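Here, each number is a calculation from the coordinates, and none is a lab measurement. Here Cβ is always computed from backbone atoms with ideal geometry, including for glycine, and neighbour counts include all displayed protein chains.
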Amino acid sequence: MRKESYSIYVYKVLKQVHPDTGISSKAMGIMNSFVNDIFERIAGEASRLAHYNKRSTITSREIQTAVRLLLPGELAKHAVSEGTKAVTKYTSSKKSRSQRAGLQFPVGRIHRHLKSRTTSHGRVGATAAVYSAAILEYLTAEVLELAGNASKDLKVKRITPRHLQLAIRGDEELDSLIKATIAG
C-alpha cells in the first residue's frame, strides 16, 4: 500500500489532547506510519468481509468487525463506541463531512483511501468512512495522550520518538497493537 499524509490531522488531534505540546518531525513520521499501517489492516480485512454481503459494499458493519478482530479488547470497545458515536452525530446533522461527524480526521480523504483498497467489485458505504475516521482519530489520540503525558513527566514540552516508545512499550494493549501490525 502507498502511504498518505495524515500529519496535519495528527496535529489537530494533538491540539485537543495536549494544546501546549509540540511534536518533533521524526515523531510525526512515526505517527504517520502508524495511522497508515493500522488503516491498511482494517481496510484490508473490511474489504474481504464485504464480499459476504449482497451489495458487496464495505459498510460500517464490516469496519466494526475488522476493528474487533484486529484490536485488543479495550482498545476495541472504545474505538467501536467512537465509530458509532460519530456515525450518529453525522446522520442527525444538517450542514463538511468531518465537521458533521465531530471529527478532526478528514472524511473525504479516508473515503477515497477506502475505495482504493476496494476490489473491482466494491463499493464504499455512505458512512463507512465516517466510522473509519472516528476509529483512526481515536487510536491517534490514545497514543498522543500517553506520549504527551510522558513528555510532561519529563519536563519537556515536545514529543520525540523517545516519548512514543515510552507510551507504546509501557502500555499493554498499545504494545500488542504495534507488534501485530509489524507482522504483516
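Roughly what would the spin-label model give for residue 15 and residue 169, points 7 Å off Cα along C-beta, in nm?
Between residue 15 and residue 169, the simple spin-label model gives 3.3 nm.
Which is farthest toward the positive dipole end of region 61-184 among 144, 126, 159, measuring Cα position about the Cα centre, with Cβ charges +1 (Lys, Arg) and -1 (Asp, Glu)?
Projecting each Cα onto the dipole axis, the largest value belongs to 126.
Taking a ≥ b ≥ c as the square roots of the Cα gyration tensor eigenvalues, with a/c under 1.5 meaning rounded and otherwise prolate when a/b beats b/c, else oblate, which class fits region 28-130?
Because its axes are fairly even, with a/c under 1.5, region 28-130 counts as rounded.
Place a point 7 Å from the Cα of residue 91 along the Cα-to-Cβ direction; which residues of region 45-76 have their backbone N under 14 Å from it?
Under cut-off, by backbone N: 60-61.
Here are some pairs, 85/155; 12/155; 3/94; 12/85; which of them have Cα atoms lying more than 26 Å apart in this structure?
Values: 85/155 35 Å; 12/155 22 Å; 3/94 33 Å; 12/85 19 Å.
In this structure, 85/155; 3/94 lie more than 26 Å apart at Cα.
What nm distance separates the two modelled labels at residue 179 and residue 69, each placed 7 Å from Cα along Cα→Cβ?
It is 2.2 nm.
Name the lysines eligible as straight-distance cross-link partners of residue 54: C-alpha to C-alpha under 21 Å, and not fewer than 8 places from it in the same chain.
Answer for residue 54, where 21 Å is the Cα cut-off: 115, listed by chain and number.
How much net charge surrounds residue 123 when only other residues with a Cβ under 11 Å from its Cβ are counted (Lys, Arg +1; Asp, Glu -1)?
+2
Just to be sure I understand the model, the point goes 7 Å from the Cα along the line to the Cβ. What's the resulting residue 84 to residue 126 distance in nm?
It is 2.1 nm.
Under a 5 Å amide H to amide H cut-off, with H placed in plane at 1.01 Å, what residues pair with residue 159 once short-range neighbours are removed?
Here 22, 23, 24 satisfy the definition.
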